[PDB]
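Engineer:
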Amino acid sequence: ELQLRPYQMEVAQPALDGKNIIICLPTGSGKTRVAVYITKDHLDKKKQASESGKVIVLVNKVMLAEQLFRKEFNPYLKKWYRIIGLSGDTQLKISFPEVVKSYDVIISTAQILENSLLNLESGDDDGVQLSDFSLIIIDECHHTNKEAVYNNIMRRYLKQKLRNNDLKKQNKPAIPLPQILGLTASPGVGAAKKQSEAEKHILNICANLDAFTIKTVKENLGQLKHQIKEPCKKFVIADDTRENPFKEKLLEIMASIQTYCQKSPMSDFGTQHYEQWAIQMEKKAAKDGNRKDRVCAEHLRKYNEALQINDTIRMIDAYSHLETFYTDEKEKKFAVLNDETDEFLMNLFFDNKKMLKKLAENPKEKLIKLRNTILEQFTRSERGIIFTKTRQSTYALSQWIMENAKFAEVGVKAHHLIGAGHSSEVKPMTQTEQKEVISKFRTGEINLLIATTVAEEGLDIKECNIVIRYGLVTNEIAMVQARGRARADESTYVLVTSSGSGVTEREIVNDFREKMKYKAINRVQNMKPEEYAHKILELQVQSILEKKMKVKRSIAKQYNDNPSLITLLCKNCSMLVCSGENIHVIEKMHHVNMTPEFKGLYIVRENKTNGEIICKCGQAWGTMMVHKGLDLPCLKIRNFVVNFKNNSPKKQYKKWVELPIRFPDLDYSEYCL
RNA sequence: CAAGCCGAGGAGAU
RNA sequence: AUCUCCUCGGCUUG
Ligand SMILES: Nc1ncnc2c1ncn2[C@@H]1O[C@H](COP(=O)(O)OP(=O)(O)O)[C@@H](O)[C@H]1O
Ligand code: ALF
Ligand SMILES: [Zn+2]
């Protein structure tokens, strides 16, 4: 019961035979269906040729594999060919390499394939080679960039093609190369002010994919323009003239402190510059081992973060933020006990804690304007999406909807969604839970979704009525793909932000960028095949040379692997904590210090199962990892400082890998008895 | 369900 | 060439 549309056939017509190419069309245009038709045709062709038919699909997002397998690929091609879908959630009880030759239609996340290839290179596992496949398909080709996943794969493919081209003039024997297909909407641009640079970017993409063409549609183009409707653009601007009372009280506290330790901002409050100088102050103070400098800088950084959320968020949230913060601080110090600097700071806070708590309840905003727009549009509808920067923002919006009685009066449903993985002060969602909330939305049980970048790509929905960004602009690709998800016959696109910032300017950029994309695409579609080949070959060669250079510099990077040359100190107090040798490793990942001569030092805490460690000052250090019955105390380099044996250059890495010198794996024979 | 390692991209600054 | 903030994927342990 497979179906196709005219423009679909037109755009794919080259690839139906040979022509490893790309496809560029707006969202929800049957790209997936195009791919499915091509898969079926390609395999049928292989069978009629008495030749092995292997296909594979690659998606950046884990959600997307399940989506494609569920709704598009498995249904149509189930009867004809075996199909299977893989991801991180899935368990490859068989393995990858084996299923490569079992199900004959693979769908997989990228890093899986790469991992198998890399293992093959290592020889640890049988692994897999490109030859095994006959047709490699891709989605969201735009990711194919300097060190992106896809690009790693393609770099291998390109290398092999160069070898085959070398053989072409040396020896008849050659190694097969699978046909490569590409599927995207916006190949995107590398932030090029000029359109010549943009067309160069495009050509770089094509070369990274052995494109031979972009091959967009022209003839049925009108049918598509009719078929697909663009949401009406809407600018929303709100200025934070109010909020002076509360914010200014806090700003005065900040000034008090910068004077309290001679902190010259050299910039304003409510930005990143201030944060970054605060961090550089922290760096300097650790290089000094001095207090009142990194600690005060860190507290000021916390305050600036509170302010910057205030720029877009209800102040109550910032008060809760810092309330929890200093709560933990007091708990740490009491646990340690069970100086003037911290005393000044904590008291300085608590002196205004309750008063500022009272202030936080006062009204007077962008949030109000957003509520108005949402309510109005929902009444107009008689589904909704929100994008913004931070998960915390999504939660705050959900609370704002929950508490505000007007939204209840409207009856609009709403729930927040955020990305999998833990991001430090947010409860990490679950892939399963993401599916749940998504279906709740797709079942009408949720009418107003909240999401981060993850939602911007894929997440195909039949029809969404409202799309509203809230103070979120990064790059045109993000914005355009976000607009694509509107998907309703009558769609609306909104963008909210302050008028002081250049956010609106960035929006206008992305508009101009969209224009430039076509301006360049039409310049390349109408290009010489020979000149096209020359440019693409040069770009592919350049990319491969760059990768080789990067590999060589990386190889020369880590060569020291010194056993014990150092001393690890606490960073608040420059107190000795460990030595170069007393450390040991487990899982070739973690580090630990047994030899309870260390144990005489550290302190423990736990509240709410791997308990946390803290210093004799109160500095946080690490966790108590349960491994093989042992409660090994594992520490994070991110919260300590170095001193070499010689010349004492104080340094700091945040990641053990940064450090070339090596430590040994633990031998339990020591701990016996 | 918790914790940890690595890689990547983009926003901002040098 | 380099630093900070937000997102993706994979890997391990409980
Ligand atoms: N042969 C066809 N005839 C009509 N509509 C189709 C056909 N194939 C796919 N579609 C439509 O295309 C949509 C899927 O588009 P898809 O390519 O998956 O989105 P995107 O292009 O954003 O990845 C479906 O909602 C379906 O209605
Ligand atoms: F391939 Al699309 F939106 F165009 F997921
Ligand atoms: Zn300490």
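Mapped onto UniProt numbering, the consecutive letters of the first sequence carry residue numbers 306 to 643, 670 to 695, 699 to 716, 720 to 945, 956 to 1020.
For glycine and all other residues, C-beta sits at the position ideal for the given N, C-alpha and C.
Is the Cβ-Cβ distance between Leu701 and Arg619 less than 8 Å?
Structural biologist: For the purposes of this step, residue 701 is taken as the residue at position 367 of the first sequence. For the purposes of this step, residue 619 is taken as the residue at position 314 of the first sequence. It is a contact, given that the beta carbons lie within the stated cut-off.
Engineer: Check whether the segment 731-742 touches the segment 821-830, counting contact only when three or more Cβ pairs, one atom from each stretch, lie closer than 8 Å.
Structural biologist: no
Engineer: For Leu418 and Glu959, I'd like the C-alpha separation in whole angstroms.
Structural biologist: Within the first sequence, numbered from 1, the residue matching residue 418 stands at position 113. Within the first sequence, numbered from 1, the residue matching residue 959 stands at position 612. Straight-line measurement puts the Cα of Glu959 at about 37 Å from the Cα of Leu418.
Engineer: Look at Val861 and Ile519 and say whether their C-beta atoms are less than 8 Å apart.
Structural biologist: For the purposes of this step, residue 861 is taken as residue 524 along the first sequence, with counting starting at 1. For the purposes of this step, residue 519 is taken as residue 214 along the first sequence, with counting starting at 1. Yes, the Cβ-Cβ distance between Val861 and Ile519 is below 8 Å.
Engineer: Taking all protein chains shown into account, decide if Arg460 is buried (16 or more other Cβ within 10 angstroms of its Cβ) or exposed.
Structural biologist: For the purposes of this step, residue 460 is taken as the residue at position 155 of the first sequence. Label assigned to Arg460: buried.
Engineer: Would you say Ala490 touches ligand 2, meaning its beta carbon is less than 7 Å from a heavy atom?
Structural biologist: To locate residue 490, count along the first sequence from 1; it is residue 185. When distances are taken from the beta-carbon of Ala490 to the heavy atoms of ligand 2, the shortest one is below 7 Å.
Engineer: Measure from the alpha carbon of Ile542 to the alpha carbon of each residue in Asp322, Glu842, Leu425 and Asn944, then state which is nearest.
Structural biologist: In the first sequence, the residue the question calls residue 542 occupies position 237. Among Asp322, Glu842, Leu425 and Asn944, the Cα nearest to that of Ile542 belongs to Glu842.
Engineer: Is it true that the CB of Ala602 sits closer than 8 Å to the CB of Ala583?
Structural biologist: Within the first sequence, residue 583 is the residue found at index 278, counting from 1. Within the first sequence, residue 602 is the residue found at index 297, counting from 1. Yes, Cβ-Cβ distance for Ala583 and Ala602 is below 8 Å.
Engineer: Can you find a heavy atom of ligand 3 that lies under 7 Å from the Cβ of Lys963?
Structural biologist: Taking the first residue of the first sequence as position 1, residue 963 is located at position 616. Yes, ligand 3 has a heavy atom inside 7 Å of this Cβ.
Engineer: Please report how far the alpha carbon of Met912 lies from the alpha carbon of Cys981, in whole angstroms.
Structural biologist: In the first sequence, counting from the first residue as 1, residue 912 sits at position 575. In the first sequence, counting from the first residue as 1, residue 981 sits at position 634. Looking at the backbone, the Cα of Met912 and that of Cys981 are separated by about 18 Å.
Engineer: Cβ atoms of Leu486 and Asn469: under 8 Å apart, would you say?
Structural biologist: As a position in the first sequence, residue 469 is number 164, starting the count at 1. As a position in the first sequence, residue 486 is number 181, starting the count at 1. It is not a contact, given that the beta carbons lie outside the stated cut-off.
Engineer: Taking 7 Å as the cut-off, does the CB of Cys915 come closer than this to any heavy atom belonging to ligand 3?
Structural biologist: Walking along the first sequence from the start, residue 915 turns up at place 578. False, no ligand heavy atom lies under 7 Å from that Cβ.
Engineer: Any heavy atom of ligand 1 within a distance shorter than 7 Å of the CB on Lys336?
Structural biologist: Residue 336 sits at position 31 when you count from the first residue of the first sequence. Yes.
Engineer: Please tell me whether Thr731 and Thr789 are closer than 8 Å, where the distance is taken between their beta carbons.
Structural biologist: Numbered from its first residue, the first sequence carries residue 731 at position 394. Numbered from its first residue, the first sequence carries residue 789 at position 452. Cβ atoms of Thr731 and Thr789: closer than 8 Å.
Engineer: With a threshold of 7 Å, establish whether the CB of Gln999 neighbours any heavy atom of ligand 3.
Structural biologist: By 1-based counting over the first sequence, the position of residue 999 is 652. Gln999: no, Cβ never under 7 Å from ligand 3.
Engineer: Name, in chain order, the residues that DSSP records as bridge partners for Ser413.
Structural biologist: As a first step, residue 413 must be located in the first sequence, where it is residue number 108. DSSP, once it has assigned bridges, lists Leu363 as partnering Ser413.
Engineer: Under a Cβ-count criterion, where at least 16 other Cβ atoms within 10 Å of its own Cβ denotes burial, should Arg375 be classed as buried or exposed?
Structural biologist: To locate residue 375, count along the first sequence from 1; it is residue 70. Under the 10 Å beta carbon count, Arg375 is surrounded by fewer than 16 other beta carbons and is classified as exposed.
Engineer: Where does the unbroken beta strand (DSSP E) through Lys856 begin, and where does it stop?
Structural biologist: In the first sequence, residue 856 corresponds to position 519, counting from 1. Element bounds for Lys856: not the beta strand (DSSP E) but the alpha helix (DSSP H), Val840 to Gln862.
Engineer: How long is the line joining the alpha carbons of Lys554 and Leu809, rounded to whole angstroms?
Structural biologist: For this step, residue 554 is matched to residue 249 along the first sequence. For this step, residue 809 is matched to residue 472 along the first sequence. Taking the straight line joining both Cα atoms gives about 28 Å.
Engineer: Would you call the segment 390-409 and the segment 314-327 touching, i.e. three or more CB-CB distances under 8 Å?
Structural biologist: no
Engineer: If you draw a straight line from the C-alpha of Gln372 to the C-alpha of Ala340, how long is it?
Structural biologist: By one-based count along the first sequence, residue 372 stands at place 67. By one-based count along the first sequence, residue 340 stands at place 35. The straight-line gap from Cα to Cα measures roughly 14 Å.
Engineer: In chain order, what residues of the same chain lie with their CB nearer than 8 Å to the CB of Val988, ignoring the 5 residues before and after it?
Structural biologist: By one-based count along the first sequence, residue 988 stands at place 641. Excluding positions up to five away in sequence, the list reads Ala591, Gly594, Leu905, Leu906, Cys907, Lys908, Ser911, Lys997, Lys998 and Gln999.
Engineer: Considering only heavy atoms of ligand 1, does any lie closer than 7 Å to the CB of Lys534?
Structural biologist: Taking the first sequence and counting its residues from 1, one reaches residue 534 at position 229. The answer is no for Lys534.
Engineer: Would you list, in sequence order, the uninterrupted beta strand (DSSP E) runs of no fewer than 3 residues that lie entirely inside the segment 974-1004?
Structural biologist: Secondary structure remark: continuous beta strand (DSSP E) runs of at least 3 residues inside the segment 974-1004, in chain order: 977-982 and 988-991.
Engineer: With 16 other CB atoms within 10 Å as the buried threshold, where does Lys336 fall?
Structural biologist: For the purposes of this step, residue 336 is taken as residue 31 along the first sequence, with counting starting at 1. So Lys336 ends up on the buried side.
Engineer: With hydrogens ignored, establish whether the beta-carbon of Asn595 is closer than 7 Å to any heavy atom of ligand 3.
Structural biologist: Translated into the one-based positions of the first sequence, residue 595 becomes position 290. For ligand 3, not one heavy atom lies less than 7 Å from the Cβ of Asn595.
Engineer: Between the alpha carbons of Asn420 and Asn513, how many angstroms are there, rounded?
Structural biologist: Here residue 420 corresponds to residue number 115 of the first sequence, with the count starting at 1. Here residue 513 corresponds to residue number 208 of the first sequence, with the count starting at 1. Straight-line Cα distance between these residues: approximately 20 Å.
Engineer: Ligand 2 heavy atoms versus the CB of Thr332: any closer than 7 Å?
Structural biologist: Sequence index remark: in the first sequence, residue 332 carries index 27 (1-based). At least one heavy atom of ligand 2 is nearer than 7 Å to the Cβ of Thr332, so yes.
Engineer: Which parts of the segment 311-385 are runs of the beta strand (DSSP E), unbroken and 3 residues or longer, counting only runs that do not cross its ends?
Structural biologist: 360-364
Engineer: In terms of alpha-carbon separation, which member of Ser761, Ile845 and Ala751 lies closest to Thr780?
Structural biologist: As a first step, residue 780 must be located in the first sequence, where it is residue number 443. Of the residues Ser761, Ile845 and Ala751, the one whose Cα lies closest to the Cα of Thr780 is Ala751.
Engineer: Would you say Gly795 touches ligand 2, meaning its beta carbon is less than 7 Å from a heavy atom?
Structural biologist: Residue mapping note: residue 795 aligns to position 458 of the first sequence, counting from 1. For ligand 2, at least one heavy atom lies less than 7 Å from the Cβ of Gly795.
Engineer: Taking 7 Å as the cut-off, is the CB of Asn930 close to at least one heavy atom of ligand 3?
Structural biologist: Start at 1 with the first residue of the first sequence, and residue 930 comes out as number 593. No, Cβ of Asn930 sits at least 7 Å from all heavy atoms of ligand 3.
Engineer: Pull up the distance between the alpha-carbon of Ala757 and that of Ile558, whole angstroms please.
Structural biologist: Here residue 757 refers to the residue found at position 420 of the first sequence. Here residue 558 refers to the residue found at position 253 of the first sequence. Near 37 Å, if we compare the C-alpha coordinates of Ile558 and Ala757.
Engineer: Check this for me: beta carbons of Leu556 and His604, under 8 Å apart or not?
Structural biologist: As a first step, residue 556 must be located in the first sequence, where it is residue number 251. As a first step, residue 604 must be located in the first sequence, where it is residue number 299. No, the pair does not count as a contact, with Cβ atoms beyond the cut-off.
Engineer: I believe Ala490 touches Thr332 by the beta-carbon criterion, under 8 Å. Please report the beta-carbon distance rounded to the nearest angstrom.
Structural biologist: Counting from one through the first sequence, the residue named residue 490 turns up at place 185. Counting from one through the first sequence, the residue named residue 332 turns up at place 27. Approximately 5 Å separates the beta-carbon atoms of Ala490 and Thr332; this is inside 8 Å, confirming the contact.
Engineer: So, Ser835 versus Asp544, is the Cβ gap smaller than 8 Å?
Structural biologist: Walking along the first sequence from the start, residue 835 turns up at place 498. Walking along the first sequence from the start, residue 544 turns up at place 239. Going by C-beta atoms, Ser835 is nearer than 8 Å to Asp544.
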